[PDB]
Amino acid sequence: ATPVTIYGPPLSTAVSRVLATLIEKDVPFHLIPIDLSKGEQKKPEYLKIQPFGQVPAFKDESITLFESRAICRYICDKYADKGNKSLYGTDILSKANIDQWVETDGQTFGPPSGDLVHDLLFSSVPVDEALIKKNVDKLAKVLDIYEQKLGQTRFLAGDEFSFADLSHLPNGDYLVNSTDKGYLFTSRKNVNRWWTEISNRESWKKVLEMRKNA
């Protein structure tokens, strides 16, 4: 079928989540730029597609979607028999087992890690060290629980890479490789192990290379 259409820059964490999923699932795509520096996402034209004025948006022959994790669940559903077939499970039980850790990204890991990424890399107000520390300490608590989980299983939800792991890549990679807070991940033995395995997957390497290609 025709390549799907993704709106937004690969530097965006939420866009990156979608891109990594497409690549894992062997789904071809067009990428339409949205210039965040020109406030393009906040103007009326883009608002028809993403009503919160955020990236990414998704369009294929059947539907227009927003919210990165919903886009990714759709892709995993539509293209279940394609690419990495086990990415979001293969039946009701394996899917749900992964999904609880996807929700842990969305509700538990994502808020402090995303706020850190924003405040340290993408904000225009002076960095507030007290606020950085607050979210560092919150994220440390989460990663302590991950350290124990990853002492039992190779990946968050079990023995194989899943969307739960994938969903951690965007904020993880900015913290580890673009801030001085990488020790949160790398000083925890099992988290470091996991982080190394997931960030060196072909799909993620391809996303990082796409960022270089502008």
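One rule holds for the numbers: they count along the sequence shown, beginning at 1.
According to the deposited model, is the average Cα temperature factor higher in 36-44 or in 184-192?
Higher mean C-alpha B-factor: 36-44.
Averaged over C-alpha atoms, is the B-factor higher for 118-126 or for 135-143 in this PDB entry?
118-126 has the higher mean C-alpha B-factor.
Between 84, 90, 100, 108, which one tops the list for Cα B-factor in this entry?
Comparing C-alpha B-factors across 84, 90, 100, 108, the top value belongs to 90.
Sorting the chain's CA B-factors, does residue 165 end up in the lowest, middle or highest third?
Ranked within chain, residue 165 CA B lands in the lowest tercile.
Tell me, lowest, middle or highest third: where does the Cα B factor of residue 197 rank within its chain?
Middle third - that is where residue 197 ends up once the chain's C-alpha B-factors are sorted.
How does the C-alpha B factor of residue 67 compare with the rest of the chain: lowest, middle or highest third?
Bottom third by C-alpha B-factor.
Taking the values exactly as deposited, rank residue 28 by C-alpha B-factor within its chain and report the matching third: lowest, middle or highest.
Residue 28: CA B-factor falls in the middle third of its chain.
By its CA B factor, does residue 55 count among the lowest, middle or highest third of the modelled residues in the chain?
Its C-alpha B-factor belongs to the middle third of this chain's values.
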